[PDB]
């Protein structure tokens, strides 16, 4: 759990554009988190897991293959939910005006590391 949180530290602080992060089980249980005290870790975890289930089915049926990552771009912020091996998911809360390419690079690196640790 410690090295996971340090992966999250790396990811989060490479730029102030990543608002927060959490590593969660595939079925919505938070493993570790780097989030504001006020944030709702449990709801973020459960919603991300549910979205991943739905998007997994849709990805496979939409000829896209196995789901790797899904971005939800809202008017106030972005949520990037990435598969980090078959046992974990990485949820990244991202500023609306963030540079998407940099963040996707950082998330790729963090995913590789997390999947390694699992």
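Residue numbers count along the first chain shown, from 1.
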In the PDB record, does 29 to 37 or 59 to 67 carry the higher mean Cα temperature factor? 29 to 37
The stretch carrying the higher mean Cα B factor in the deposited entry, 105 to 113 or 5 to 13, is 5 to 13
CA B-factor placement of residue 100, once the chain's modelled residues are sorted into thirds: lowest
Chain thirds by Cα B factor, record data; residue 74 belongs to the lowest
